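A single chain comes next, written as structure tokens; it is the form solved without its partner chain.
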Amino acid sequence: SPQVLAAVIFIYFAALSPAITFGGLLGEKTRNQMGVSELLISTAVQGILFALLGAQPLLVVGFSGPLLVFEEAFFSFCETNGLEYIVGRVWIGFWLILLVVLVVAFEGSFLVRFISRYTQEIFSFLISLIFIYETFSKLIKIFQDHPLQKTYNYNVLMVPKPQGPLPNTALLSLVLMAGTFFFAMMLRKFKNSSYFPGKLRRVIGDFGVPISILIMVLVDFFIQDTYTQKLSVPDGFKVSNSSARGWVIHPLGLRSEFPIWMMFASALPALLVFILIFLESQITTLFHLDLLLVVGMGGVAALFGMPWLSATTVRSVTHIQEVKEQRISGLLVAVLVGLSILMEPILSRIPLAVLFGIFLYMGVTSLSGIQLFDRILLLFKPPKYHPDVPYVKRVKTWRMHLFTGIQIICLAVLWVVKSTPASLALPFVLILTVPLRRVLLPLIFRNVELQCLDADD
């Protein structure tokens, strides 16, 4: 039916664009041990399995910001400790399977009340700040690799990568990032604007990210001489690093023996991954069986070097017979995402600057709905300009600013922990905001102030 096709196309694009961006980011961060190919095939397989055996087909599984942050932290930890990153991921997946087969007996569903708007907004703000910082750091790295000079060695080897500075690479990359961000934001505004027929305007606005990506890809395509770093996608179903690892990762070590102490100590990183996935599932949903399936599949996906995914409820806004239609649409979207690895010529001409502009746009748009962001903005507005909201009206302005400052201190502590070599503890530390709201904030604030500032809805 034509109804299924349009929704399938929309969801496929809205899942592929983040998938492509996160695959590029993962390939850059993890030295191409896990790239766009692995992320795409993992997303496809896990989406098919979740559609077939998921309680709620509305959920679509895919890589997210917190998972990328944890992958970067684990890669850095393995590099510092001289361990195999992929085998460590395999053992984390083993311990994740153990965790999911352990939680079912105890039914740890009472923790949902512990996670509140406090933790949810802190997590979302941290993720958006991480996105913005990653985009700006990539821009700085591009400008450092190819600085603005008057003389360049115009005969430089480029088979692995540019071995020296190049004239127009940095400025064109900055232009592409800025243009992608500007076009995506303008298309979003047009979707929220009052121009053009409503149906056509909404259709154009829904596809804002793919349209901006296509525009900037064409812009870079017609600039023939200038070199810009492109997305690294292998031709066919390949691991994107043949020298590094194969498809089926052998446990106990790939190039060197895996220590037993790491095998036993992989439980803690598995606990941190479970915490991250649980937090993402809670923020997307607002339930217990679907989380076990995703983490259980993530443990199996680690054996093949594939990443683990999360809940990421975005499909409900666009959407027994309805359940069957949703199941079929999700399965078709997953199949299309998997087959998107076949169009390697198309993906190999997508610059990384466009994807990082999309990353910045995603962070900026994620900042929009956060109440913590609203209060941070109110920190700069005069009190007369504060909106008519319960926390402004029923709480003193300095008390609300103190609440915002405490949340800012929490964000700063999380950022310091992430920058600290002990970045693997970033999930746990974030969950430490749960006792703070429960056992420490009531000491400073009152019940009414806490209810107004931190509310379920």
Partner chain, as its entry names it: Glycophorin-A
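Positions refer to the first chain, counted from 1. Here, rigid core means the biggest group of C-alpha atoms that superpose within 1.5 Å across both forms.
Heads up, the form deposited with its partner chain bound isn't pictured, but that's what we're talking about next.
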- Query: Out of the stretches listed (113 to 121, 275 to 283, 99 to 107, 126 to 134), which one is close to its partner chain in the deposited complex, meaning heavy atoms within 4.5 Å?
  - Reply: 99 to 107
- Message: I'd like to know whether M343 contacts its partner chain in the deposited complex, with contact meaning heavy atoms within 4.5 angstroms.
- Response: no
- Closest heavy atom of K324 to its partner chain in the deposited complex, within 4.5 Å or not? no
- Message: Within 4.5 Å, heavy atoms only: does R188 come near its partner chain in the deposited complex?
- Response: no
- Within a 4.5 Å heavy atom cut-off, is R245 in contact with its partner chain in the deposited complex? yes
- Note on the structure: Residue within 4.5 Å of its partner chain in the deposited complex by heavy atom, from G205, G164, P251, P259, is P251
- With the core superposed between the shown form and the other one, a CA shift of at least 2 Å among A170, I376, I341, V217 belongs only to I341
- Task: Quick one: in the deposited complex, is the Cα gap between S17 and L352 smaller or bigger than here? Answer closer or farther; it shifts by 3 Å or more.
- Result: closer
- Query: Once you compare with this form, do the C-alpha atoms of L336 and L352 lie closer or farther in the deposited complex, given a change of 3 Å or more?
  - Reply: closer
